Structures are given as structure tokens and as C-alpha cells.
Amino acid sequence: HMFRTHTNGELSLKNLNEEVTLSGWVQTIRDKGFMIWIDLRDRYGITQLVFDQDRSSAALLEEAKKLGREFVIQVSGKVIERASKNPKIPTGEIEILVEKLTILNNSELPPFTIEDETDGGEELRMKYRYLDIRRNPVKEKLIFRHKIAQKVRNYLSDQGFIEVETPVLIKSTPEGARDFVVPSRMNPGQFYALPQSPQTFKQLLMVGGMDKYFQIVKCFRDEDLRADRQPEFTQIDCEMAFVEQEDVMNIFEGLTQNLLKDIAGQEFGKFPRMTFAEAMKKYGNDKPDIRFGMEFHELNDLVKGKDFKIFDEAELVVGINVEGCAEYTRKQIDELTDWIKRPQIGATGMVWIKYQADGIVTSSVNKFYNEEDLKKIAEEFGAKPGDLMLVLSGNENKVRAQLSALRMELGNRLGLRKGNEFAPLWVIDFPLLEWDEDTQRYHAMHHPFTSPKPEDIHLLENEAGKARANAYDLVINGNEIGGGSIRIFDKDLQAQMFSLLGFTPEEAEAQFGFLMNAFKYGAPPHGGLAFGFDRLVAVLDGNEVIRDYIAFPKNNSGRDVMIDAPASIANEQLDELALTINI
């Protein structure tokens, strides 16, 4: 039994009068008098079937009246022309005059409708995730994810990259984020860990002469699952030898351009680059969405010394110009003030300045600033009549994050963040170290093997606080897509970095000795980059929730609600592993 001659999305008027066989799911049933119409579905599309006993038989209609939603059926019949074509679907010119029907599975009704806009809540859909996947918004995301993975692997293979599978059962490390562990039966009392990333092995592959490595690979981290955080997640992990920062960025810029061009139909030019300091100062974060304005303007010199204690005592006074919103009401302003006072944000208050359409600049602090003072502030913003400036103050890092949250929240609300617009950029020149004045300590901002920029190595002897890292982050639309760094290959530079970081030679060997010992047999210069694959696909699809790009995700407690994992195992398994559960 051939089950089908065609898919349910490929027939058209060119197939008029052909005899065909189709199989699929009953998407919709329509009854008019004695005739029955059915939308037959598979992955490829919908084909309409018509049951008309006058042109078939009374027995066929008897069986067709038994059909329900999501029945799996097979039909044979003749392609005929519809009276009026449905222009919205590829097969909309034709319909199948059914002659034969076989019910393959008399399905129960689905617990929620199999439709783009379904009546099922999220928890019910995850319980029945295998039926959720039938729906176009989920099926299409899995297909799109597949297309990106193939494009990534073909592009990087063409560049000379070799895909290398690295082990999943590796060695557990005490420090850092929690490992998932795997008890060993053959080695009782001992464990493997699941990998946080291929970091150890990808560096060993550079020592091993592989030159250009990549892997699309699952990673595992047993951390708090907050927003869009899965215990297992997918990365594009890459490592290259004999490269400068510029080489790593150009290669992966080319890949990202390749993906964007295919997805958007537009070539993208050279990606803009910002230093860490520029991004923090202008946007209040190190992964900026540069598709819209509301850039930061610091106001200290214009506002201090005028008896407004809040601005006088703050380390930084900084604001944004919200264009066209000078007519915002008191309720709207208070709503924004309440929103930034939420503990999630932590702001203490907000100052507002209206550049009215009649040209008068007024504020919530007119007792301290006259019209000319306010006008100079509007001039600092380049604001125009009709604009609304919002001003926060506080500690430098704290208030930049608060203002950044407010900027992004306003960007969403005002419709300035569009899923079809893409602004990629690199953030570079992160500080290598961060100094604490009280304790006279440096703390590492990156992995201890991260190289200082070559031109900053001379700074390490006496001015280490001014050294930049040879590191780079790729950002799209305010989402961090990936990043990495150039690594140290000079044994003396590495020891000097460990000393600056507060490690004795013996402490450094205790935590990092395996790789350092391997490097002595001929590590080359090398650097790398890893993408968040889940996030990259979501962003390329104009989305910022990664959940539905994962076929079988977990909930916030790490549980698969569809198969009920994790769960208890048998006593004989525990015994054979030499484990007792603390009770």
C-alpha cells in the first residue's frame, strides 16, 4: 500500500483530473446538507477533500460521517477545480473528489485546537508537546532551526573548519557553576560530569594541530532557570589557531552576514564596533540595541550646584529624550515612575522635562531650574518641541542599568523594536581587570587565559587597570549572540597574569594545571568564539523567546512535563551504583 502519491501541499491546477492518493490528519470538517468537506493536513500544507455521495457512493459518505478532528486517514480520488480558488493556500485552486477512504487512526480529539491561535494554555501544550508541534507556529520554528544549522555547518566547512565531536562524559571541576554529574558503576564512588562547554577539548584540539574547529553541541549547566533558561542548551562552539582578534571577528562576521542576507534578502555591510566604555556610556549596557534612539545624555555639569539635593549627591545624572511624548499625562508619567520603582529595576525616582509644542520648556523641578537652564538641557539632548526628557540619578553603574531598562521598555511600548529589523555590532575592548580600591585587589573579568590586547601588554607591570582584553561580543538587537577571546600562548605572560590575579604559582597549577601542562608540548596562538544557538535562531526569526525553538523543552524546575522526568530510579540501580539517597 503506497500511502500517498503527493504531499498535501503540492497539488495545483496543473494536476487537474489526475487520480491521486493522499494521507494526513483531518484538520477541519465542514457539513453542508449531505456533502462533507475536509481539510487534509501534513507538514507540507493543506488539500481540500470533497465527499459527495452522488459522485461517489452512499457507503463512502457513511464512513466520512465518522471522521473527527485529527483522524489519520488515506484517500484516493480525482483532482478537480474549485468554483472559486482559495488564493491563500498553494493548493487553493483544486480539491479532491474522494472515491476511496481508509481510516488509519481514529484519533481522540486533541486536548487543544490544532491551530495557529490555539485555545490551549502553555502548561497544557507542554504536557502534550508532541501535539503542539503539529501547529504551524511550532513546526515552522523547528524547520527554520534546521535550516540555520545546515547553513552554519556548510558555511564553516567551506571555510576550512573541521567538525569534531568531543566527549559528553568528562571530568567534574569543583569551581564555577554546578556540573550535572553521572555516577560510574565500573568505578564506584566516582563520577563523570556533563560538559558546561567543549572548552577544555577545543583548546586541546589546537595543541593537536586541528587549526580550525567547530561543533554545534549541547551544553549542560545546573543553575537557576530564570527566564528562558534550560538546563541543556545548544552552542556553536569554534576555535582557531594562529589568529588575531581581527581574524576571528571577520570570519564570524562573514557567517552572520551570510545568515542575515538569506533571511532578510539584504546584504549587510561592515558591522559597527563599540568599545565596552562607549556602549555603557551611550546605552547603559554592553549588548546594545542600536535600532532606535533615546541615547544617554549625562547631565552632571548642567544640573549640579543649583540646590536640588538629589542631583547634587548623585554620582551620575543621566537621561533620555523620548520624542513626541511631551503631551504625556500625569497618570502616564506616574506609571513610568512606578514601573522603574519596581524592585526588578530599583530606581528611587525620576525627573521629567517637557519641551512643549509652543516652545516652553517646563519640568518637575522648576523650583530649582528656570526656563533658560531647562533650555540648555534640551539643547544638550538635541530635543525639539513635543519631546519629553526623562532623567535618573544615582551610582554610575546602577543608574545606567535603570535607565537602560527604561529605554528598552519605552522602545518596546512605542513600537520602535521591529522583529524584521536587524542591527548587528561587535562590543570590544572590555577591561582586562577590575580594581577594588578598598581592598587593593584586582579581580578577573574573563578567563585567566584571556590575552591582553598586544598593545596593552606593556601596561601590566605598573598600570594593569588600564589594560584591555583581547575579547569580543557579537550583538544583534540588544541580544548577545556570542563572544570569545584570543588566548595566551606565552608561558611567561600567563604566569604574570596569574600573579596579577592573586594566584601563587602553586594555586594556579592546582586549578589550571592540566591545560598548562598540555600547552608546554606546543600550544599555538589560538582564539575562539561561541554562539548561543537557541538565541541566534530566535533572533534571526524575529523572536526573543527561545522556548518554542526547542522541540522538547524543560520547565523552570528542570522537569520535562511530557514524560515526567526526572524521576526516582530502582533500588537495584542505586545499589549497583553504590549510592544511598539521604533519608
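A residue's number is simply how far along the shown sequence it sits, counting from 1.
Comparing the deposited coordinates for 2 to 10 and 573 to 581, the stretch with the larger average C-alpha B-factor is 573 to 581. When the mean C-alpha temperature factors of 563 to 571 and 20 to 28 are read from the deposited coordinates, 563 to 571 comes out higher.
Comparing the listed residues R129, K151, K331, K202, the entry records the largest Cα B-factor for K331. Residues shown: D438, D286, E253, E140. Highest C-alpha temperature factor in the entry: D438. In this PDB entry, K218 carries a Cα temperature factor that places it within the lowest third of its chain's modelled residues. Placement of the Cα temperature factor of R535 within the chain: middle third of the modelled residues, per the deposited record. For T234, the recorded CA temperature factor ranks within the lowest third of the chain's modelled residues. Per-chain ranking of the deposited C-alpha B factor places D224 in the highest third.
Sort the modelled residues of the chain by CA B factor and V545 lands in the highest third.
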